[PDB]
**Q** 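I have a structure here, written as structure tokens, and I will follow up with some questions on it.
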Amino acid sequence: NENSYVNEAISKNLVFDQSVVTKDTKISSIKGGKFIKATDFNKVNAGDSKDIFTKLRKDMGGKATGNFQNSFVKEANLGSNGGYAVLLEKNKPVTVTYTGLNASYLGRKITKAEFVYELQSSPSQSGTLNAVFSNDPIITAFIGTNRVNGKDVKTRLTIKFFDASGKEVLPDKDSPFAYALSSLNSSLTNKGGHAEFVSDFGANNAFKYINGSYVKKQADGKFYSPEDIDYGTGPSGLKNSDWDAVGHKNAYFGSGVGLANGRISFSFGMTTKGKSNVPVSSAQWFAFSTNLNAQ
DNA sequence: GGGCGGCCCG
DNA sequence: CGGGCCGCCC
Ligand code: NA
């Protein structure tokens with residue numbers, strides 16, 4: 001019951017981290033979504049800062065007239081190889097295919113991966129979400145839109161791994177995939193703030209609680225910290241930089257572990273618990289990796 | 001063929 | 001870490 005540990009023995013049967021990214025790693029195709037031109041993505045509202053999260057926090061419904069080539073965005077948050085801006089729409093799953101991987105499951109080489117993103121909830125007027133998908137699959141995705149009502153931002157993500165022979169790599173029953181659900185920060189208070197969350201695990205997936213994590217399943221079904229761990233106003237006294245960093249000893253404060261006996265699938269998003277007037281509560285960075293913040 | 005892996009080279 | 005060319009395999 002010690003902190004940073006799961007109460008079930010966990011093995012990193014799958015490896016999907018910085019070590020799997022090669023010289024050849026990139027997004028080779030994005031299918032099923034309207035592209036957002038980089039010149040449109042890069043504009044911000046009057047008086048806004050110029051960061052990727054602010055650029056995500058605008059309603060781009062009907063402003064997605066790009067193609068694969070001109071959707072390419074350069075932003076340091078994306079890594080040195082950039083990424084692609086895409087509009088997510090209800091019922092229109094977007095398949096991002098990564099090639100040139102050197103990942104591995106039980107020594108079985110994983111060279112390709114398909115990340116399929118499907119809008120589930122959006123608080124903008126258009127009901128759409130904006131996405132930038134990084135060419136680095138460990139940086140993965142930035143999602144957001146403008147907030148006009150109290151609705152969650154929510155996106156479902158299904159991941160399929162492929163070996164060199166093009167066949168899907170799925171787990172042995174006794175050797176589940178383990179993947180990190182990290183950086184689930186929260187500023188929620190009695191009436192303000194927001195939390196990033198994961199939820200809606202796929203069949204044969206399960207969330208595993210990390211001892212000492214503030215992230216647990218709430219009665220609304222989602223996994224988040226229901227109290228502020230970002231600004232120091234909650235009973236834990238925690239601020240974001242007290243735990244939210246890659247490699248931080250206490251990063252498990254905002255993390256869980258996903259375990260999958262089958263194809264990986266789950267949703268992630270942001271919740272204000274129904275409040276419409278919470279600032280900077282509609283854009284997030286969701287990174288997928290096996291960098292478990294647990295032992 | 002086109003996409004994608006595994007090569008080479010440098 | 002770029003680029004090409006030669007595999008093979010959707
Ligand atoms: Na976060």
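Chain letters run A, B, ... following the sequence lines, proteins first, then strands; residues in each count from 1. Hydrogens, waters and symmetry mates are skipped; everything else that's a heavy atom, side chains included, is used.
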**Q** Looking only at whether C1'-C2'-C3'-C4' is positive or negative, is the sugar of C:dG2 north or south?
**A**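 Since its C1'-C2'-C3'-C4' torsion is positive, the sugar of C:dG2 is on the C3'-endo, or north, side.
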**Q** What do you reckon, is CD of A:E168 surrounded by more than 12 foreign heavy atoms closer than 6.0 Å?
**A**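 Enclosed.
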**Q** If you sort sugars by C1'-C2'-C3'-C4', with positive as north and negative as south, where does B:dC7 go?
**A**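 Here the torsion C1'-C2'-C3'-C4' comes out positive, placing B:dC7 north.
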**Q** Hey, does A:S29 reach any base, or is it just sugar-phosphate, or nothing, if we go heavy atoms under 4.0 Å?
**A**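 No contact.
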**Q** So, A:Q218 side chain and A:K216 main chain: donor-acceptor pair closer than 3.5 Å or not?
**A**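 Here the side-chain-to-backbone pair exists.
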**Q** For A:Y84, run the ring pair (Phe, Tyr, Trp, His ring centres under 6.0 Å) check against A:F133, A:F142, A:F41, A:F72 and tell me which one passes.
**A**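 Testing each of A:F133, A:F142, A:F41, A:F72 against A:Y84, the sole residue satisfying ring pair (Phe, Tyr, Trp, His ring centres under 6.0 Å) is A:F72.
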**Q** What distance separates A:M270 CE from A:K222 NZ, expressed to the nearest 0.5 Å?
**A**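 So the CE of A:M270 and the NZ of A:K222 are separated by 12.5 Å.
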**Q** Given A:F16, which of A:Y179, A:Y105, A:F161 fulfils the ring pair (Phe, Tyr, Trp, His ring centres under 6.0 Å) condition?
**A**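 Going through the options one by one, the only one that passes is A:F161.
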**Q** Specify the closest pair of heavy atoms between A:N45 and A:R57, including all atoms of both residues, with the distance to one decimal.
**A**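 Answer, listing the atom of A:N45 first, then A:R57: ND2-O, 3.9 Å.
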**Q** Under 4.0 Å between a side-chain N/O of A:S28 and OP1 or OP2 of B:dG3, yes or no?
**A**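 Checking B:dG3 against A:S28, no side-chain N or O comes under 4.0 Å of OP1 or OP2.
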**Q** Mind pulling the stems DNA chain B is in, i.e. runs of at least three Watson-Crick or G-U pairs, everything under 3.5 Å?
**A**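 DNA chain B forms these stems: B:7-9 with C:2-4.
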**Q** How about A:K217: does its NZ atom have over 12 heavy atoms from other parts shown lying under 6.0 Å from it?
**A**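 No - once you tally the heavy atoms of other residues, nucleotides and ligands closer than 6.0 Å, there are 12 at most.
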**Q** For C:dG7, does the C1'-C2'-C3'-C4' torsion put the sugar north or south?
**A**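 Pucker flag: north.
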**Q** Apply the side-chain contact (heavy atoms from CB on, under 4.5 Å) test between A:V132 and each candidate in A:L78, A:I36, A:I139, A:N77; give the one that qualifies.
**A**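 Considering A:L78, A:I36, A:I139, A:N77, a side-chain contact (heavy atoms from CB on, under 4.5 Å) with A:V132 is found only for A:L78.
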**Q** Counting primed atoms plus P, OP1 and OP2 as sugar-phosphate and everything else as base, spell out the protein contacts along nucleotides 5-10 of chain B at 4.0 Å heavy-atom distance: B, S or - for each nucleotide, 5' to 3'.
**A** SSB---
**Q** Quick check: are there more than 12 heavy atoms from other residues, nucleotides or ligands sitting under 6.0 Å from CZ of A:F162?
**A**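 Count over threshold, so yes.
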**Q** Where does the chain A footprint on DNA chain C start and end, counting 5' to 3' with a 4.0 Å heavy-atom cut-off?
**A**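 The protein-touched segment is C:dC1 to C:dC10.
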**Q** Under a 4.0 Å N-O cut-off, is there an ion pair linking A:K154 with A:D200?
**A**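 A salt bridge is present here (some side-chain N lies under 4.0 Å from a carboxylate O).
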**Q** Determine, using ring centers only, whether A:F223 and A:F266 are less than 6.0 Å apart.
**A**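 A:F266 vs A:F223: aromatic centres not under 6.0 Å.
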